[PDB]
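**Q** give me a model of this one.
(chains A, B, C, D, E and F)
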Amino acid sequence: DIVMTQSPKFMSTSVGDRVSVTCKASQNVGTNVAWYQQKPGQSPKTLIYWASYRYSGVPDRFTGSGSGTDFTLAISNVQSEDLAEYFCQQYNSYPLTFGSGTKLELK
Amino acid sequence: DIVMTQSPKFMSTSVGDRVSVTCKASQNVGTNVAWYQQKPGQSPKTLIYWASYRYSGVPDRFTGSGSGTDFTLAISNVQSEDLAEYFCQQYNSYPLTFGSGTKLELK
Amino acid sequence: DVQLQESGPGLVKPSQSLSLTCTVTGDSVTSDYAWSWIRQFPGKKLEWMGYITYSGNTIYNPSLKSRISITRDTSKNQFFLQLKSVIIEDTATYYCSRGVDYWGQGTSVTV
Amino acid sequence: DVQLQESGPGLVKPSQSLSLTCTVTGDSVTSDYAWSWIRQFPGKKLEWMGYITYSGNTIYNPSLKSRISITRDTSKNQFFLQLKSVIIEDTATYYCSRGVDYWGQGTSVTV
Amino acid sequence: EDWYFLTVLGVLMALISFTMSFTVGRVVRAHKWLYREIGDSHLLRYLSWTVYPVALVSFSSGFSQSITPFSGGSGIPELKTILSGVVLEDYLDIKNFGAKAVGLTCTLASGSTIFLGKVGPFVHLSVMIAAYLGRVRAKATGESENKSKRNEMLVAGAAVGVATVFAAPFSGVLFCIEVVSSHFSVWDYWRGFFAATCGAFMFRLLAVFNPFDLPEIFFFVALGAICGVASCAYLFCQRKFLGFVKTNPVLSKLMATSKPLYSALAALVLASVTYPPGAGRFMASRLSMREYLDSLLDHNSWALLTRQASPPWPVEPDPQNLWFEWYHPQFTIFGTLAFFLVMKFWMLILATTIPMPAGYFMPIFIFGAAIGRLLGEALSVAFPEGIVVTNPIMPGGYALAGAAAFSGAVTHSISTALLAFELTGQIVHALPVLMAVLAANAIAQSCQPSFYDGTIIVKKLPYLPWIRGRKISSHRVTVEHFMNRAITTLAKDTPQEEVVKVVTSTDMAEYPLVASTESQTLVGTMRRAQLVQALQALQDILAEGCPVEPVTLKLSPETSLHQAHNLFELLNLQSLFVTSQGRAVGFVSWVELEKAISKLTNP
Amino acid sequence: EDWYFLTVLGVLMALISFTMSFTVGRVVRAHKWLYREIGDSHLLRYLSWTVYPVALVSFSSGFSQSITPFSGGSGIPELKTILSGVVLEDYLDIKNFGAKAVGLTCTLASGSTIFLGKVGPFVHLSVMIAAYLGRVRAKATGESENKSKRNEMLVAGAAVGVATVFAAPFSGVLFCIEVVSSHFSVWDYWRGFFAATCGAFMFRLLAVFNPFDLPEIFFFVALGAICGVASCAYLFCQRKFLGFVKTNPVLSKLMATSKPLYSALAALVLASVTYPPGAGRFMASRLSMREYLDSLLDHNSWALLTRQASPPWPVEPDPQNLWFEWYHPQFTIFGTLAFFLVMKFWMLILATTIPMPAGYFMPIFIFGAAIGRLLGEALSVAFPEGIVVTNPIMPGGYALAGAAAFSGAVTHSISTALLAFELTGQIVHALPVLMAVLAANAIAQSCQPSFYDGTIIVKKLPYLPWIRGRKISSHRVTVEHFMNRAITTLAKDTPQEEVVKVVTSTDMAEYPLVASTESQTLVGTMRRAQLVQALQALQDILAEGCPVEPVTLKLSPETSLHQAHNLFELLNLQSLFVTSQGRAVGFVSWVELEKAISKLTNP
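**A** Numbers count the residues shown, from 1 in each chain, chains lettered A, B, ... in the order given. Please see the structure below:
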């Protein structure tokens, strides 16, 4: 299966700063990558279904970029309500593989 | 530059067991990978100059394999004198990039 | 607004087959989408199980072909798993999802 | 049995250029090989500096083109670095090596 | 000074390609900008969409009309005819040039609404340029070049043109060779290749400015067959439609009245279907011509993606993800593809019909690709895992194959496949696609004539060699029917005054030399200038010392036309004498042959 | 039943390729095993090395000799000659077949010591097979096939053979077309392509058994030029050497005495140089023929690698890293390459000379590649960083270009380049290599004849068309010299008994019909069987109802040979009548033409 490696595993930023989570795929995915948000306890709500495309009802600050093998979720103007895990997944090939994601805390 | 990622960062095995350190390159290297041994304090003596080729005077148990993007240093029958760091480097392209290597302890 | 609701037994014994019923409200199961099943371990790593097409052609994860079996009842608009040969490592929070767009709330399965 | 021996000043001040002299015994510097320089930080990460060919064509690491300058004296069979614009981050154990086959013992440089 | 000539043409062609292409890019971009900006309201937007395609096309039509009848609307067929031996002087004239390039540019700008490529026109232009070059050479140094040489030059030019449009040296020349004539020499091919290389070099210079399984193979073969079938269907429609257009008095009358007007109307009609909110979501209308191809040959497998996630409809077509245009919620991607196909077919013929400078290869290729893509998608759906080392099905490859195959079938050319491969970059799966193409060719060449051939037939151009689905009595006619029966015999027995008189009268390029006035039997030929010179300073004359050229070949009156034509083509001759029982009866040349051909065509 | 025929040949060819290749692989493997195992001692090892190459070659030679003079040692040139129109019946006969395949196999086994490819022989075999197929068809149904058809079939066979050896459908056929004849019809090409495709399919079935910068471009051009120069140098040597061999009485006498013996001696000599400890480290001797090519086209840049690390000399050549054989400590890789080049050149000519079934394309290609590789290495050394987005120099590409270019120069064929590309997989840098090839061709075609052409010249085969560096008086001769002056006139005025007598006597295929005995003027032709029939059941006879065939074409006695030859080729004729002042003087056919050609060749 096509492994989704990602970094950095943990982050700690203040309210208003920028964060950039990066995902790397072993094979070529294309642009068929989806990003999630999982607050602990709740279900993982999708944020960005294709790199550079936000889901309806999601804030504008959640930006996503990349193609080929490397992808980036960038979050600007971080609020207190964004304490959550963030997974990237691919769906070009089968089976669908998720990255382990990154736990996010704030100061 | 072409990054050499590698794993696992730390290991702890007994005398006689097998260990397998794995190096991964971003671009295609070919077979132009060299493995080292650095005992803390001393200079890093080369072990395997090309994957599947041991340097003269080195034990037979130090085996090396792989081509393309993925490479593996396998050590069988570990002795007490093999407490050392082990780096892989490539020399197909420029500049020459070293992996961070893996510190090895024993029980 | 497609909504998916899982249901089933929380506690199960190993070497006994488990089954989860996911009910759908909003869209029909007969529509052309990827009605996938996914689970999350206690260490927060996600694993994709597989899905049924609109016609019924099941597609699974190669690693779990032997044990997984997925079916549907088109009258009730539901999804049925029948995961066999259950092990303590399988203990996880299961997630019933329509492709990538919508995920269910899910149920916690314990062995 | 090619043997390489480094020598130079251990303690240096920042913004003052450092120079390390690596003497060779076993092989001539005029032979066709990659007479490379490499350094290791206190956290045990290796960085390749560059090398001189038999003719004298210097090749450097793209990241350190501005500051590095490498030369030789063919009479004595030696290697001279002249690393300029020195910073506290540059503090490392330096290593003079003939390609990949042989590495020197090296010297610890401190800023 | 052959190599130099070859070089010069190629560079020029490359330059032309660069300039025209650039213009197309700019204007198209501007149009796009306008469309987004004009506003949300439908009326204004509609106007913007419609006016631009219409107006340009009308302009092109206007440009075409006013110069000369064979100025516009002809690319390959005319060239082919010329090669076959019957030359149309109006076609090669350069007064045409200035009118045509602009028209072509306009057409290109008009783009995916009109849905026409640039190949044939480009080729024609190249040929014209070559001719011009030749003419200068003929004038500036030596004498007027032999027909054969000229033909060769033309061929080379054509090859270069074909290469240039493609951006592909190896394949383009081959394609040209296949289409443009029945037989071909190696030197010609070499020349073409050289030209292509030169063009490529020029392009490069001008950059600073700017393992398949057996099941898979089987599937590919099937796809190819399907494409061939489709191609065949298209061709018949195309030909029949053209015939209808030619016929209908209402239509014909309209055309006569206003060439521009009909074209404009056609454009309008195209726009009305091709409007983005009206029927563009279904057709994937809003894409450039290059864009469409890219979308078709995209590595992603669409159906699966759709299943996974409902894709968004962007404001402007996404440069990274072109395939989003092919999706709709109500119509599955398959449905959209189908719509594109049938609708395209309906339109494509119409587009081809309109009188303007326009190429019809690119559109066909695109059509072929679309079908292939659809097939791939279907296959993917069937086998989501794929065929069993379980490799997934890549519909891009299928699409490519389709493009290769359908186009090949249309054109009667296997080198389409090669071109496709070149475009791709990878020759890794050379076989299956090739096989498919071959199959298509087999199916299509046995049931219908080539697109070009069909067009020629519709025109009623003087092309003697056989075409499928065209009844003609060419075997029946003999040299006795079409020979120039009037001749000027000069016999060794004749007096000198008479000879002088004859010379004064006719001044024919080559007089026959006869044994005696009674017998009328040939013993050679005399040139006219030489004779005149001799006179200034017949047996007696000969004795004195005028040079006789012996008759190297003699046709009989009872020889077939076809054979004669072949002789003219292959030996590369200018004129030839006819003899019945040894007597000078006729003088055969191209003029007479051409006339005969015309007669055969047009009773 | 044309398509079927085409199919059948191709499959057979593929099968042959599979079997022979397999055999070669097995035997070679066995040999390799033996070499390692026999021991450390030099004598035994030497024997092992030497015997195997010698013995096989000797066997091959023996096989060649005993059948017929044109059985062995001829591939392409003979085929070319045949195509040109002059047919050698001994060449196409199948009694040859059984002797030749085995020889070829043996040669292949002998491998990189002997250093010979399989192309020409394979092509010949294919042609033979095609001929055989044709013969059966002729026998089983209808009548004996027309010459033209046969020629076409032969061409197709040749194309298929060329494709098969390559494992490349697109290019091989093209190459065949370029080399094998001066002109081609599009249909022949198509047929060839089809055959190639079939072969490919067969191969596939039988698997279960088993962005460059301007500086770079400039460099490539230079490389190409160099290759061309080298090619030219080679060709002259090759031709001259062959001539010398033909001449020398000592040598010639030896050859006469024992064809095998000379070959054996040559093999021995080759071995003596090509021994691994003696001079094999320097030549990279110990590699298979395929292996060598792989080594040449390896992605790694060798000099830099060497500088980095001193590479080890393995016990057996490493399957992943073939380039290790090219290194030595005392001689830098460059030096080794140089040695390989010059030494190869010295040997290559000798190898070509030895009388056996062997192809000479693959070796040439390898040679070309080597030079390219060397050049690349040099470039790398010059620019270790590379040329300025600073991309590193990849010598593999350079090597490939060299291979394409040198070979092309040797053979006079641009489709070598195409083949190279196909082999690679990638068409990404189609241009520079192509350019280089073109340059090479230009340099080589202007200074020397093609390798094949040279060989033909050496042979003194009856090939009428012009070859560079071969003085011959072909323009001077006319039809009056070589016409069959004896003929059998049947005039309308003659009696019946006389006619009957004539019929009884000659039984010529086509009698001339004449107006009267005194005049001797042609009015048509009569067939013999028909005449006989009529007699069983001349003016009177005609009246009664015997069919006259009219004379479609007439040569003059004063026409040039060249023109006649062209006519024969291009119109695809069998026989043609000669007329001086309308009289039946001669009957021209291929028999006479062939004789004339022979005379021209061999005074």
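**Q** give the contact list for the closest residue to chain E within chain C.
**A** Residue nearest to chain E within chain C (CB to the nearest CB): residue C:34, separated by 4.1 Å. C-beta here means a position set from N, CA and C on the backbone, and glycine is covered the same way. Residues in contact with residue C:34 (CB atoms under 8 Å, 6 or more residues apart in numbering or on different chains) are C:51, C:53, C:98, C:99, E:304, E:307, E:308.
**Q** out of these, list just those in helices.
**A** When DSSP state H defines the helices, the subset of these inside them is E:304, E:307, E:308.
**Q** so which of those comes closest to residue C:80?
**A** Among these, residue E:307 lies closest to residue C:80 (CB to CB), at 19.7 Å.
**Q** look up phi and psi at the closest residue to that closest one other than its chain neighbours.
**A** Setting aside the residues directly before and after it, residue E:307 is nearest to residue C:34 in space (CB to CB, 6 or more residues apart in numbering or on different chains), at 4.1 Å. The phi/psi pair for residue C:34 (degrees, to the nearest 10) reads phi -100, psi 90.
**Q** residue C:100 and residue A:103, how far apart?
**A** Distance check for residue C:100 against residue A:103: by CB to CB, to the nearest Å, it reads 22 Å.
**Q** could you do residue E:209 as well?
**A** Taken as CB to CB, the span from residue E:209 to residue A:103 is 51 Å.
**Q** who has more neighbours out of those two?
**A** residue A:103 (15 against 7; other CB atoms under 10 Å in any protein chain shown).
**Q** burial count for residue E:46?
**A** Residues near residue E:46, counting by other CB under 10 Å: 17.
**Q** you'd agree it is in a helix?
**A** Yes. With DSSP: H, G, I helix; E, B strand; the rest coil as the criterion, residue E:46 is located in a helix.
**Q** helix/strand/coil for the closest residue to residue C:76 other than its chain neighbours?
**A** Leaving aside its chain neighbours, residue C:76 sits nearest to residue C:23 (7.3 Å; criterion: CB to CB, 6+ apart). Secondary structure, three-state DSSP: residue C:23 is strand.
**Q** does residue C:23 touch residue C:3 like I think?
**A** No. If you go by CB atoms under 8 Å, residue C:23 and residue C:3 don't touch, sitting 9.0 Å apart.
**Q** joint contacts of those two?
**A** Contacts common to residue C:23 and residue C:3, judged by CB under 8 Å, 6+ apart, are absent.
**Q** for residue 101, give me its contacts.
**A** Let's take chain A. A:6, A:36, A:38, A:85, A:86, A:87, A:88, C:44, C:46.
**Q** let me rephrase: I mean chain E.
**A** Neighbouring residues of residue E:101 by CB under 8 Å, 6+ apart: E:16, E:20, E:125.
**Q** span of stretch E:344-363 from start to end?
**A** One end of stretch E:344-363 sits 9 Å from the other (CA to CA, to the nearest Å).
**Q** what bridges to the spatially most central residue of chain A?
**A** With distances taken as CA atoms, centre = their mean, chain A has residue A:35 as the residue nearest its mean C-alpha position (4.1 Å). According to DSSP bridges, residue A:48, residue A:88 are recorded as the beta-bridge partners of residue A:35.
**Q** quick one, what contacts it?
**A** With contact set as CB under 8 Å, 6+ apart, residue A:35 has these partners: A:46, A:47, A:48, A:62, A:64, A:73, A:86, A:87, A:88.
**Q** give me that answer again for 7 Å
**A** Residue A:35 is in contact with A:47, A:48, A:64, A:73, A:86, A:88, counting by CB atoms under 7 Å, 6 or more residues apart in numbering or on different chains.
**Q** so residue E:10, which of the three states?
**A** Counting by three-state DSSP, the backbone at residue E:10 sits in helix.
**Q** quick one: the strands in the chain?
**A** Looking at chain A here, since you left the chain open. A:4-7, A:10-13, A:19-25, A:33-37, A:45-50, A:53-54, A:62-67, A:70-75, A:85-86, A:88-90, A:102-106 (DSSP state E).
**Q** let's do chain E instead
**A** In chain E, the segments counted as strands under DSSP E are E:183-185, E:490-491, E:510-514, E:522-527, E:553-555, E:575-580, E:583-589.
**Q** those: which one's closest to chain D?
**A** Closest among these, once you apply CB to the nearest CB, is strand E:183-185, at 51.5 Å.
**Q** residue E:376 contacts residue E:398, doesn't it?
**A** Yes. Contact criterion CB atoms under 7 Å: residue E:376 and residue E:398 qualify, at 3.2 Å.
**Q** between these two, which one's more packed in?
**A** Between residue E:376 and residue E:398, counted using other CB under 10 Å, residue E:398 has the larger neighbour count: 29 against 26.
**Q** near residue E:522, how many other residues are there?
**A** When neighbours are counted by other CB under 10 Å, residue E:522 comes out with 26.
**Q** ok, the one 10 residues further on next?
**A** The local packing count at residue E:532 equals 14, with neighbours defined by other CB under 10 Å.
**Q** that one touches residue E:503, doesn't it?
**A** Yes. Taking contacts as CB under 7 Å, residue E:532 lies within contact range of residue E:503: 6.1 Å.
**Q** residues of chain A that sit close to chain C?
**A** A:34, A:43-44, A:46, A:49, A:85, A:87, A:91, A:94-96, A:98, A:100 (CB under 7 Å from any CB of the partner chain).
**Q** nearest to chain F, out of those: which one, please.
**A** Nearest member of the residues of chain A next to chain C to chain F, counting by CB to the nearest CB, is residue A:94, at 26.0 Å.
**Q** list the contacts for the closest one?
**A** C:59, E:385.
**Q** with distance to residue F:418 as added columns, please give the strands of chain A in TSV.
**A** Shown next, in TSV, are these (distance: least, CB to CB, whole Å):
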stretch	distance to residue F:418
strand A:4-7	41
strand A:10-13	55
strand A:19-25	36
strand A:33-37	39
strand A:45-50	40
strand A:53-54	43
strand A:62-67	33
strand A:70-75	36
strand A:85-86	51
strand A:88-90	38
strand A:102-106	51
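**Q** which of the ones you listed sits closest to residue E:237?
**A** Of all the strands of chain A, strand A:45-50 sits nearest to residue E:237, with 39.4 Å by CB to CB.
**Q** helices of chain C, residue ranges please.
**A** Under the criterion DSSP H, chain C carries no helices.
**Q** tell me what the spatially most central residue of it is bridged to.
**A** For chain C, the residue nearest the mean C-alpha position is residue C:37 (3.7 Å; CA atoms, centre = their mean). Beta-bridge partners of residue C:37, counted by DSSP bridges, are residue C:50, residue C:96.
**Q** show me what contacts it?
**A** Contacts of residue C:37 (CB under 7 Å, 6+ apart): C:49, C:50, C:51, C:70, C:81, C:96.
**Q** also residue E:377?
**A** E:302, E:303, E:333, E:334, E:395.
**Q** what is the most widely separated pair among these?
**A** Greatest spacing in the contacts of residue E:377, by CB to CB: E:334 and E:395 (11.5 Å).
**Q** higher neighbour count, the two?
**A** residue E:395 (27 against 17).
**Q** and chain C, which residues reach chain A?
**A** So far as CB under 7 Å from any CB goes, chain C lies against chain A at C:44-46, C:48, C:59, C:61-62, C:100-101, C:103-106.
**Q** which pair in these spans the largest distance?
**A** That would be C:62 and C:105, which, of the residues of chain C next to chain A, are the farthest apart (CB to CB) at 27.9 Å.
**Q** you'd agree the residue nearest to residue C:76 is up against residue C:5?
**A** Yes. With contact defined as CB under 7 Å, residue C:23 and residue C:5 form a contacting pair (4.9 Å).
**Q** contacting residues around the closest residue to residue E:238 other than its chain neighbours?
**A** Computed as CB to CB, 6+ apart, the closest residue to residue E:238 that is not its neighbour in sequence is residue E:349, at 5.3 Å. Neighbour list for residue E:349: E:237, E:238, E:241 [criterion: CB under 7 Å, 6+ apart].
**Q** contact residues of the stretch 251-400 of chain E facing chain A?
**A** When proximity is defined by CB under 7 Å from any CB, the stretch 251-400 of chain E lies next to chain A at E:299, E:300, E:305, E:308, E:309, E:312, E:320, E:321, E:385, E:392.
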